[PDB]
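See below for the structure under consideration.
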Amino acid sequence: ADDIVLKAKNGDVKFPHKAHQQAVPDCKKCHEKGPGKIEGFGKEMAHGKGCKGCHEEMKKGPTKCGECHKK
Ligand code: HEC
Ligand code: HEC
Ligand code: HEC
Ligand SMILES: C[C@H](CCC(=O)O)[C@H]1CC[C@H]2[C@@H]3CC[C@@H]4C[C@H](O)CC[C@]4(C)[C@H]3C[C@H](O)[C@]12C
C-alpha cells in the first residue's frame, strides 16, 4: 500500500509508513485501536498524541510547523 498525504490547508502533511514501522515497533500505538479512530482524527489529535505528541514523547520525529507541513 501507499503512503498517504493529509491535505492540511496550510500545507500537505506526508505520512511515511516505513519510517514508522521501523521506529515504532510497538504497532499497537496505532493499530488495533478501537472503533472511532478514523472518524476521530483531526488537527487536535495531529498536534497532540496523533502525531506531534508522539514525536515529543519518543524524542524523535518532526515537531516544527514546516517539518510536517510543506506545500
Ligand atoms: C502510526 C504511527 C503507525 C504505526 C506506529 C505503525 N503503523 Fe502501520 N499503518 C499506519 C497507517 C496510517 C497505515 C495506512 C497508511 C500508510 O501509510 O500505509 C498503515 C499501514 C500498515 C500496513 C499496510 C502497509 C502496506 O500494505 O504497504 C501494514 C501491514 C501495517 N501498517 C503494519 C504495521 C506494523 C506491523 C507496525 C509495527 C511495526 C506498524 N504498522 C506501525 C500507521 C501506523
Ligand atoms: C508514535 C506513536 C508516532 C506517531 C503516532 C506518529 N509518529 Fe511520526 N515518527 C515517530 C518516530 C519515533 C519517528 C522517527 C523515525 C525516524 O527514523 O526518524 C517519526 C518520524 C516521522 C517523520 C519523518 C520520517 C523520516 O524519514 O525522517 C514524519 C514526516 C512523521 N513522523 C510524520 C508523522 C505524522 C504526520 C503523524 C500523524 C499522522 C505521525 N508521524 C505520527 C513516531 C510517531
Ligand atoms: C506533525 C508532527 C505536525 C506538526 C509539527 C504541526 N502540524 Fe499542523 N497538522 C498536522 C496534521 C497531520 C494536520 C491535519 C489534521 C487532519 O485533519 O488530517 C494538521 C493540521 C493543521 C492545521 C489545520 C489545517 C486544516 O484544517 O486544513 C493548521 C492550521 C496547522 N496544522 C498548522 C500548524 C502550525 C502553525 C504548526 C506549528 C506551530 C503545526 N501545524 C505543526 C501535523 C503537524
Ligand atoms: C490511532 C492512531 C494513534 C493516535 C491515537 O492514539 O489516537 C492514529 C495515528 C495516525 C492516525 C492516522 C493518520 C492518517 C489518517 C487520517 C484520517 O483523518 C483518519 C484515518 C488515518 C489513517 C488515521 C487513523 C488513526 O487516527 C491514526 C493511525
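FYI, nothing fancy with the C-alpha cells labels: chains A, B, ... in order, residues from 1 per chain, ligands from 1 as they appear.
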ask   = Got a sec: who's within 6 Å of residue 12 (chain A), counting only C-alpha atoms, leaving out chain neighbours fewer than 2 positions off, as a PyMOL selection string?
value = chain A and resi 6-8+69-71
query = Which chains and residue numbers are within 7 Å of ligand 1, counting only C-alpha atoms and all ligand atoms, if I want them as a ChimeraX atom specification?
reply = /A:1-4,15-17,20-22,24-27,29-31
Can I get the selection written as an mmCIF file, in the first residue's frame, with C-alpha atoms?
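Output file result_38.cif is given in full below:
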```cif
data_model
loop_
_atom_site.group_PDB
_atom_site.id
_atom_site.type_symbol
_atom_site.label_atom_id
_atom_site.label_comp_id
_atom_site.auth_asym_id
_atom_site.auth_seq_id
_atom_site.Cartn_x
_atom_site.Cartn_y
_atom_site.Cartn_z
ATOM 1 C CA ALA A 1 0.000 0.000 0.000
ATOM 2 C CA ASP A 2 0.980 3.608 -0.446
ATOM 3 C CA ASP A 3 1.839 6.428 1.910
ATOM 4 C CA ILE A 4 -0.847 8.973 2.448
ATOM 5 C CA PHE A 15 2.913 10.319 6.495
ATOM 6 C CA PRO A 16 5.688 7.858 5.590
ATOM 7 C CA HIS A 17 4.747 4.409 6.875
ATOM 8 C CA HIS A 20 7.080 4.430 11.452
ATOM 9 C CA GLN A 21 7.090 0.630 11.143
ATOM 10 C CA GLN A 22 10.869 0.740 11.770
ATOM 11 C CA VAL A 24 7.728 2.310 16.380
ATOM 12 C CA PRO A 25 7.882 -1.499 16.799
ATOM 13 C CA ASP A 26 5.024 -1.188 19.283
ATOM 14 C CA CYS A 27 2.460 -1.378 16.429
ATOM 15 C CA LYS A 29 0.411 2.549 19.264
ATOM 16 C CA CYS A 30 -1.574 2.938 16.053
ATOM 17 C CA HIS A 31 -3.075 -0.414 15.048
#
```
Show me, as a CSV table (one decimal) with N, CA and C atoms, in the first residue's frame, the residues that have an atom within 7 Å of region 41-54 of chain A when counting only C-alpha atoms, minus same-chain residues fewer than 4 positions from it.
```
chain,number,residue,atom,x,y,z
A,37,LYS,N,-11.4,5.7,15.5
A,37,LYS,CA,-10.1,6.4,15.2
A,37,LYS,C,-10.0,7.0,13.8
A,58,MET,N,8.7,10.3,22.2
A,58,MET,CA,9.7,9.4,21.8
A,58,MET,C,11.1,10.0,21.5
A,63,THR,N,8.8,18.1,14.9
A,63,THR,CA,7.9,18.9,15.9
A,63,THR,C,7.7,20.3,15.5
```
task = Return the single residue from A:28, A:18, A:60, A:33 that is closest to ligand 2, with distances computed using only C-alpha atoms and all ligand atoms.
result =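 Checking each of A:28, A:18, A:60, A:33 against ligand 2, counting only C-alpha atoms and all ligand atoms, the winner is A:60.
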request  = Could you give me, as a list in words, each residue of chain A that DSSP assigns to strand (DSSP E or B) when run on this structure's backbone?
outcome  =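 Result set for chain A (strand (DSSP E or B)): residues 4, 5, 6, 13, 14, 15 and 69 of chain A.
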query = Separation of atom 1 (C, counted along the ligand's line) of ligand 4 and CA of residue 57 (chain A), in Å?
reply =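 Separation between atom 1 (C, counted along the ligand's line) of ligand 4 and CA of residue 57 (chain A): 15.6 Å.
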request  = Please return as a ChimeraX atom specification: the residues of chain A that backbone DSSP assigns to alpha helix (DSSP H).
outcome  = /A:17-23,37-40,43-47,52-58,65-68
What would the file look like if the residues just selected were written as a PDB file, in the first residue's frame with C-alpha atoms?
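Below is the file part_3.pdb, written as the result:
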```pdb
ATOM      1  CA  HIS A  17       4.747   4.409   6.875  1.00  0.00           C
ATOM      2  CA  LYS A  18       8.132   2.670   6.550  1.00  0.00           C
ATOM      3  CA  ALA A  19       9.862   5.085   8.955  1.00  0.00           C
ATOM      4  CA  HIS A  20       7.080   4.430  11.452  1.00  0.00           C
ATOM      5  CA  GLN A  21       7.090   0.630  11.143  1.00  0.00           C
ATOM      6  CA  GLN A  22      10.869   0.740  11.770  1.00  0.00           C
ATOM      7  CA  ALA A  23      10.950   3.321  14.595  1.00  0.00           C
ATOM      8  CA  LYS A  37     -10.127   6.400  15.226  1.00  0.00           C
ATOM      9  CA  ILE A  38     -10.687   7.094  11.507  1.00  0.00           C
ATOM     10  CA  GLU A  39     -13.563   9.490  12.257  1.00  0.00           C
ATOM     11  CA  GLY A  40     -11.726  10.890  15.244  1.00  0.00           C
ATOM     12  CA  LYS A  43      -5.982  18.880  13.863  1.00  0.00           C
ATOM     13  CA  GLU A  44      -6.347  18.438  17.639  1.00  0.00           C
ATOM     14  CA  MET A  45      -5.150  14.798  17.550  1.00  0.00           C
ATOM     15  CA  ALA A  46      -2.426  15.594  14.997  1.00  0.00           C
ATOM     16  CA  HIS A  47      -0.899  18.366  17.061  1.00  0.00           C
ATOM     17  CA  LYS A  52       3.368  15.715  17.184  1.00  0.00           C
ATOM     18  CA  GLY A  53       2.854  14.451  20.731  1.00  0.00           C
ATOM     19  CA  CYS A  54       4.368  11.063  19.908  1.00  0.00           C
ATOM     20  CA  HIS A  55       7.383  12.716  18.314  1.00  0.00           C
ATOM     21  CA  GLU A  56       7.886  14.693  21.542  1.00  0.00           C
ATOM     22  CA  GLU A  57       7.455  11.671  23.831  1.00  0.00           C
ATOM     23  CA  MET A  58       9.730   9.351  21.802  1.00  0.00           C
ATOM     24  CA  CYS A  65       5.389  23.518  11.617  1.00  0.00           C
ATOM     25  CA  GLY A  66       7.446  23.415   8.436  1.00  0.00           C
ATOM     26  CA  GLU A  67       8.832  19.941   9.092  1.00  0.00           C
ATOM     27  CA  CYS A  68       5.357  18.363   8.811  1.00  0.00           C
TER      28      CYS A  68
END
```
note = Taken to one decimal, the CA of residue 61 (chain A)-atom 8 (Fe, counted along the ligand's line) of ligand 3 distance is 13.7 Å
ask   = Which is closest to ligand 4 among A:59, A:9, A:34, A:64, if we use only C-alpha atoms and all ligand atoms?
value =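 Nearest candidate to ligand 4 out of A:59, A:9, A:34, A:64: A:34.
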